[PDB]
Amino acid sequence: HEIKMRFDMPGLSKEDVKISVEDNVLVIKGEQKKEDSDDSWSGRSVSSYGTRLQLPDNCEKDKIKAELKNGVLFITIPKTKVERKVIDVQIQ
Amino acid sequence: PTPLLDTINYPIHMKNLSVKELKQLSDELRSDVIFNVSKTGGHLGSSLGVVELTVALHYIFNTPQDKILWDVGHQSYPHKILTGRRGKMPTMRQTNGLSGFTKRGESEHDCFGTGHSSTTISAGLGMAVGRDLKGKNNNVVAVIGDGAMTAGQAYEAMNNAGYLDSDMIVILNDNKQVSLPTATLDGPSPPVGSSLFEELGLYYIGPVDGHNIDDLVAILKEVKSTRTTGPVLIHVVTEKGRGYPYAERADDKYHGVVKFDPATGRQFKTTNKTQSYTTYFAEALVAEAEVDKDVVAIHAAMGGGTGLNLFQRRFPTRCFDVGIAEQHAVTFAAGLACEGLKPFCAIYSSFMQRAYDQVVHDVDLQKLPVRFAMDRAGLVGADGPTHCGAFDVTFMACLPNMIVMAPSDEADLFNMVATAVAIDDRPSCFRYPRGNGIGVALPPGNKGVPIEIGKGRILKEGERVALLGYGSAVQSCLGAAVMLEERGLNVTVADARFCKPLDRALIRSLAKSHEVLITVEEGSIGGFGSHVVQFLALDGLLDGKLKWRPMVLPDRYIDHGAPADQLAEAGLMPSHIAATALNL
Amino acid sequence: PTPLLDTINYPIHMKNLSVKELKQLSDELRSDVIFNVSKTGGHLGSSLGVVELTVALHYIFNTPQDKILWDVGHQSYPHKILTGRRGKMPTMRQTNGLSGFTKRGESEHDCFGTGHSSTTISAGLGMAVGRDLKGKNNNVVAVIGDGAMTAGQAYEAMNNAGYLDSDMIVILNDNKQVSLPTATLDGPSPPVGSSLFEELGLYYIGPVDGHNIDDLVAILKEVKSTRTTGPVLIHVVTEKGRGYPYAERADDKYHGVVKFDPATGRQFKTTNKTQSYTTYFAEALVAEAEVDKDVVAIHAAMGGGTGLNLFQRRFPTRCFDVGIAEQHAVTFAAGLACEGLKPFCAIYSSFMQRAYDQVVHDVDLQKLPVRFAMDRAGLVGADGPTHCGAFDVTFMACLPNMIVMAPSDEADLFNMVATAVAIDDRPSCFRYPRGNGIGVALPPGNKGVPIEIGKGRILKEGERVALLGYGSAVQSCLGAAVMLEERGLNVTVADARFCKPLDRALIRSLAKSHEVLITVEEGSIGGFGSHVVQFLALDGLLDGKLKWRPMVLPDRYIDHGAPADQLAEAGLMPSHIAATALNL
C-alpha cells in the first residue's frame, strides 16, 4: 500500500545516505558504514550497503512526511492500488 | 433473503455475474454463514470479514485450475460454501461431517489441508515452483492473516519465495492487526489501538478494503493472471466480524462463538457448574503468582484458550505476549529461566511441536527451569486432528532433564503446579486435557499442596488386574471401572502423574502385586507406554513377565467431532479400556 | 609471535589496553587460533573473521556482568581463548575436553550453551527482560551471523523484542552474505556475488567492518552501556577466513578444516578408500535422478555435509536452497509433493526437530509423498550432543502414514533409496549415520534394487539368542558378534531396516524361534525399542514372553569426542551390546 520507512540507526553515518521517492520505485539509501567517523568515533569500519524500497502501487504525492539526513531517514508517501504492483523488483 | 446463492454450487456459475450483484451475493453469504454457524462452533468473525475475499478469489481464479491456499482454515466457511459445500454446513464440525478448516483430503478443490498457522505460504511457494517445473501455467494463491505473519515459517518461506522469483500469490489479512489465530482461542487480550516485505523480496499489494467485492475482482483479473511474474503478497483490510453488528464490536466475543442466538448473540451459559481446566489453571496460577515474585507465565496468543486472562491484567508484568510463535516463546522462557526467574509456558499439546527444537536443545541441554503447560491434550474434540496433540508424551518424555506431569482433575492440576513452580533446578511440563472434572477450590480450599517429584498416586483398590494412565485418561480410567468395579474391583487405578521421572517405586509395586497391567494415555505410541515398558524392561529382571498392552492413540489421525465418540473412535470409551482387561 | 596474549586470561587484564595494541592483540589471536585449530576440527573461517569482534565484546562489556550471546558457537574459538580457555585448545573437540561451541554448563562466562542456529537471540531477549525484572542493570548481547538470520526463531524473537522495547543487544555478522552455518557443513554452494529490521522494532547498526578492533571498541563503549534503551542489532562486515590467505579465498574450503598444514592448508586425503554415507547418498541419488523426471532433493544448507553437491550442479533445477530453515523446507517438500512430484528431504537427524511440526501435520495428515534423509544419525562424534540426533526414531516413527527406514551400509543405503523414490503414496524417511561401511558400486554395480516396503533383512544366523537394530547400529551388531560369533553363533543379526511399518513377519518369526531378543538403536527411548515392543505386546498373545532389553541411547546427553568412545560412553561399543546377551 502507501510507502513508509524509518531508520533508527542512532548515529547514522555521514558517508552516503539518500532518498528518492517517485512513483512505484523508491531508493532509500539507509546506510551505517562508520568507516572513519563511527558517529564521531575512531573506527575504520569499511562498509557497503544502501537501501531500496520499490512499491506495489505507483507512489502518488498526496501526503509526504520526511525526517532525515543526520541520524534517521524516514519517509511516508502514498498510493493504494492496481496496474502492476511489485516491490523490490519488477521481474520480467 | 439470499436470491443469488441458491443458484451457485461452484464458481463457474458466477463467472459472468456483475459486481453490483456480486455485492448482494456477498451479503447473502454473510447471512448464510451466520445461519449456519448458529448451529455450532464456527470461527465466525474472520470468515465474516472474509466473505468478500472468498467471493473474489473464487470468481477470478478457477479451481482446481488455480491452487488457492487459505490460512489456518477458520475463515474457510465462505470458501466451503462456494465450493460445493453450502448444503453441508448443518454437518460441519460434527462427526462424519466437515472439518472446521480446509482439508486437502476431502474435495478436488481442497487444495492443501491447513490447521496450523503460517504453515501454508511455504506449501504455496512449493506448488508454484512445482507447476513451473511441470511446465504448467497456473496461479497459486496463499491467503493468510496477520495472525500467520508472526510465525517463522511465514517469514522464512516468504523470503525464500522473493528469492526464487517463483510466480505465486500471497494474501495477508486484517489490516487493523486483529489476528487470525489458532482454533481454540476463546479470547486474546484486547488491544486499544505499511508492512515492508520488500526485504522479503515479494510484491506487496494491500491492505485494500476486504469489504467491497468490486475492489478485489478489479484486481485479481486485472493484473494477476499468469502474466504476473514472481511472487506477490496481498494484504487486505478486513473488519473481523463484519456483517454481524454484535461481533462487529464483539469479534473475539463471537470468534469461537458457540451456537448463538442469531438475533441477540446469546450463547449458552450452562457451563457455569464446573469450569474448564484452562480456567482451572489461570484461576490457580495466580495463587502462586501472588505469593511469589518471579512466577511468570508464557503463552503464544492462546490466552482465552488457556484462561490466562485471569493472570495477565492481575500481574500486568508477569504475563507476556509473543504472538503465535511457539519457538520464540519456549526460549524466551529459558532466556528468562537463566535469570533465576521461574517463567512457565502454557502452549497447546499439538502446538508444542512447532517448537520441539528449543525444548530439546535450548532447554534440556541447558537444564534451565521452564515448566510447560501443554494445553489441549490429545483429543481436542470438534476441531479435527490438526489439533490432536497426542504426541506430547512422546516427543517431550524422551528427553533427559525434563519432568512430565499430567493431572486427573482440578485438584491434581494445581496439586502439581505447587510442585512445578516449586522446583526450578530443571524444566518440567504439564499435560492437561480440555474439559471438566471435580474441583475442590484453590489452595485456599486446599488444592495447592505440592507433591513429591516422581511420586505416583493410587486412586483405587484392585489386585487381580492393574491400570495406569494420566491426562484426561485417568478420569476415563475411573470411568473404565464403571463396567469393571462391579467385578470385585479387579481394577486398581494409579494416576502415576509423573511420566518422567516415573514413579519407579509405584510401577514396581504394581508389577509384582498384580498379574496383569494396562497403561493408557492420550498420545501416540512413543510415550507413557513406551517409557513404562522401557522401565518395565530393565526392572524386568524381577519378572517383567506380566501382560501389558498400552491402549494409546492408535496409529491414525482421529477426525473432528464429538469427544465422546472420538473416545469411541480412538478406542478410548471406557468399554474399550474395559474390554482390554476383559480378554484376560 | 604473540606478545600480548600470554598476559591475558580474562578481559580484566586488557581493560586498559589501547586500540593500537588491541589490533596487534587481535592479530596474535588469529595466529593462536590457527595454531590451535591445526590440531583438529575447528570451524575456522568464521572465528578467523570473528577475532575482532571477540576482542571488542570482551573488552567493552564485562562478563558475567554482561551476558553475551554468540551464534551457534562455531566462531566461539576467540571467545574461549579470551575467557580463560586459551590453554585448553589442544583439548577442544576431544573427549573430556572443550565443546566446539559455547556450552553454558562449563564456565561462569559460558552464558547460554548454543549449538543450533538462531536459537539465541530469543534467549538473549529473555535474559534482557528478566534482568529488567530483577531490577538489575546489565547489558545482554546476542551475536549471530546471517546464517542465523534466515531461520524462524530469529525473525519472531527479534520482532517480539522490538515490540517489548526490552533493553538488549543483537549482533549480525557476515555482510557479504556468506553464512554462519551448522556444525558439519563441509561446503555450501559457492555464490558468485540492508535488513532495515526497524520495522521489526529493533535498532540496526552495521554492518560495520569487523576487521578493525578500533571501530568496535569505539562503539560498544561509546553508546551501548545500559544508557541504551530497548533492543539494538549489530550487523558486522566480516570476511570469513580473514587472517589466513588460503581460507581468505577458501573459507568453506577451510571452514570445517581437519587438522591442516598451517603453512599450505594441506589436509588429510586418507579417507579416499571408503567414502562417507553423505557422499554415498548424492553419488547415488543421481542414479535415480537421471532415470526419473521429478526426483528432487531438498536440503537446508547442509550440502557438503550431505554431499548433495553431487546432485545440484548436475540437475541445476532439481536441488533447492532454502537457507537453514528446516520448517520451510519440509513443507516446500510437501508443497511440491502435491504436484505429483517426488521431492525428497535431506536434513540432519537432530536438525529435523526444528521442523517436527510440519512432519506431523503438513505431511502425515496430508499423506503427501515426501521422503526424508535424516543425516547425521544419533552420535555425531566430535560436535557434542547439540547435534546428537538420537530422537529421529522417536519423534518420526510415532506418526501414522510415515515410513521409517535406516541403512546398514552403502548398499542398503541405496537399496532403499530405490524404494523411497519408487513409492509416492505417502511420506518416508531415511536414517543414515555419518561414517563408513563396505559399499558395492551404484545400481550400475547393482545397488539400486528396491526392496519390499516393510520387509526386514536377516544378516546372520543364530538361534539361541536374537539381535536387531538399524542405522549405524547393525554394523555394530555385526561388530557385536565379534566377541559373540565364536560362541556357536548364539547371535543372529536382523537389520529390520523398516521401523514403521515394521517387518511384523520377521519379528514374529524371530520371536518364537529364539528365547531372547535384544534390539538396539541410535536414538533415545521412544523409537524402535518402543515400537517393536508395542508390536511385540499386541502380537504378544503368541507368548510375548521373551526377555527383551532395548540398548538405546541411555537417558543422558553424550558429549563431544571420539565416536568410538561415544559408543563406549553411551554403552554402544560391541562389548556393551555383547554384555547384554551375556547376562543371559
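Cβ placement follows ideal geometry from the backbone for every residue including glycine, while neighbour counts extend to all protein chains displayed. Laboratory data are not the source of any read-out in this text; all were calculated from the coordinates shown.
Sum up the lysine pairs in the range C:48-169 that clear both bars: alpha-carbon distance under 24 Å and a spacing of 8 or more or different chains.
9
Shortest first and in nm to one decimal, what separations exist between C:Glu222 and its copies in the other chains, measuring from label points 7 Å along the Cα-to-beta-carbon line?
Relative to the other copies, C:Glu222 has label-point distances of 5.0 nm.
What's the minimum Cβ distance from chain C to the axis relating it to B, in whole Å, and which residue gives it?
C:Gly152, 1
Quick one: C:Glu52, C:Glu569, C:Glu283, fewest Cβ neighbours within 10 Å first, how do they rank?
Ascending Cβ contact count within 10 Å gives the list C:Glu569, C:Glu283, C:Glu52.
Given the C-alpha centroids of the range B:525-573 and the range C:27-61, what is the distance between them in whole angstrom?
52 Å
List the chymotrypsin sites (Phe, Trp or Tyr not before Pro) within the range B:234-282 that DSSP assigns to loop and that have no more than 10 neighbouring Cβ atoms inside 10 Å.
On the way: sites: B:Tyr246, B:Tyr254, B:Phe260, B:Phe268, B:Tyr277, B:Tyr280, B:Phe281; in loops: B:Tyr246, B:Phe260, B:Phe268.
In loop regions of the range B:234-282 (DSSP not H, G, I, E or B), the sparsely surrounded chymotrypsin sites (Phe, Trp or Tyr not before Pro) are B:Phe268.
What are the nm distances, shortest first, from B:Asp209 to its equivalents in the other copies, labels at 7 Å along Cα→Cβ?
When each copy's label point is compared with this one, the spacings are 5.5 nm.
Could you pull the Rg and Dmax for the range C:443-584, using just the Cα atoms, both in Å?
15.0, 46
Could you tell me which of C:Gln65, C:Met405, A:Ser37 has its Cα farthest along the dipole of the protein assembly as shown towards the positive end, charges placed at Cβ (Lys, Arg +1; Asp, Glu -1), taken about the Cα centre?
Looking along the dipole axis, the top candidate is C:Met405.
Tally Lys and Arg at +1 and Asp and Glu at -1 over the other residues with C-beta under 12 Å from the C-beta of B:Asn9: what net charge comes out?
Local net charge: +3.
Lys/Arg Cβ at +1, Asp/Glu Cβ at -1, dipole of the range C:285-423 taken about the Cα centre: which of C:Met396, C:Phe320, C:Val360 is farthest positive-ward?
Checking the options against the dipole of the range C:285-423, the answer is C:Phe320.
Would you work out the Kirkwood radius for the protein assembly as shown? I mean one over the mean of 1/r across all pairs of different Cα atoms, in Å.
Roughly 31.3 Å, rounded to one decimal.
Determine the sum of side-chain charges near C:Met551: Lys and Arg each +1, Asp and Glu each -1, restricted to other residues whose C-beta is under 12 angstrom from that of C:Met551.
-1
Among the GluC sites (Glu not before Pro) in the range B:209-264, which ones are in a DSSP loop with at most 14 other Cβ atoms within 10 Å of the Cβ? Mind listing them?
Passing both the DSSP loop test and the Cβ count: B:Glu222.
Once a ≥ b ≥ c are taken as the square roots of the eigenvalues of the Cα gyration tensor of the range C:228-305, is the result rounded (a/c under 1.5), prolate (a/b larger than b/c) or oblate (a/b not larger than b/c)?
The shape class here is oblate.
Among residues other than B:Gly303 whose Cβ falls under 12 Å from its Cβ, what is the net charge (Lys/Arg +1, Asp/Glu -1)? Numbers along the way, then the final one.
Values: positive: B:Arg313; negative: B:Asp186, B:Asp252, B:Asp321, B:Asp375.
Here the count lands on -3.
For the range C:208-336, what relative contact order do you get, as a whole percent, if you take Cα pairs closer than 8 Å and at least 6 residues apart?
15 percent.
What's the whole-number percent of alpha carbon pairs in chain A lying beyond 18 angstrom?
The calculated P(r) of chain A puts 48 percent of pairs beyond 18 Å.
Between the alpha-carbon centers of the range B:290-335 and the range B:358-425, tell me the distance in whole angstrom.
15 Å
Check the range B:219-269 and count each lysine pair with an alpha-carbon distance under 22 angstrom, considering only pairs eight or more places apart or from different chains. The partial results should precede the final answer.
Numbers: B:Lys240/B:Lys253; B:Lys240/B:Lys259; B:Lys253/B:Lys269; B:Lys259/B:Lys269.
Count of close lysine pairs: 4.
Excluding residues fewer than 8 places away in the same chain, name every one of the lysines whose C-alpha is closer than 16 Å to that of B:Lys500.
B:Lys367, B:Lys455
In terms of the Cα gyration tensor, with a ≥ b ≥ c the square roots of its eigenvalues, is the range C:270-453 rounded because a/c is under 1.5, prolate because a/b exceeds b/c, or oblate?
Rounded.
Hey, rough spin-label estimate for B:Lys134 and B:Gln65, points 7 angstrom out along Cα→Cβ, what's it come to in nanometres?
Result for the modelled spin labels: 1.7 nm.
If R₀ is 56 angstrom, what is the calculated FRET efficiency for the pair B:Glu290 and B:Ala564, using the beta carbon separation as r and rounding to 0.05?
E(calc), rounded to 0.05, equals 0.90.
Compute the FRET efficiency between A:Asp62 and B:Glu485 as 1/(1 + (r/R0)^6), taking r as their Cβ-Cβ distance and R0 = 60 Å, and round to the nearest 0.05. Kindly include the intermediate steps, with their values, before the conclusion.
Details: r = 76 Å, r/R0 = 1.27.
Efficiency at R0 = 60 Å is approximately 0.20.
Assuming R0 = 51 Å, can you tell me the calculated FRET efficiency for the pair C:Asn446 and B:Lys88, based on Cβ-Cβ distance, to the nearest 0.05?
So, using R0 = 51 Å, E works out to roughly 0.40.
Each residue of the range B:151-159 in turn: what ³J(HN,Hα) in whole Hz from Karplus with 6.51, -1.76, 1.60 and θ = phi - 60°, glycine and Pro shown as x?
5, x, 3, 4, 4, 5, 4, 6, 4
Any idea how far the Cα center of the range A:1-52 sits from the one of the range B:203-269, in Å?
37 Å
Please report, for C:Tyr10, the nm distances (one decimal) from its label point, 7 Å out from Cα along the beta-carbon direction, to the equivalent points in the remaining copies, shortest first.
Once sorted, the set of distances for C:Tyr10 reads 7.6 nm.
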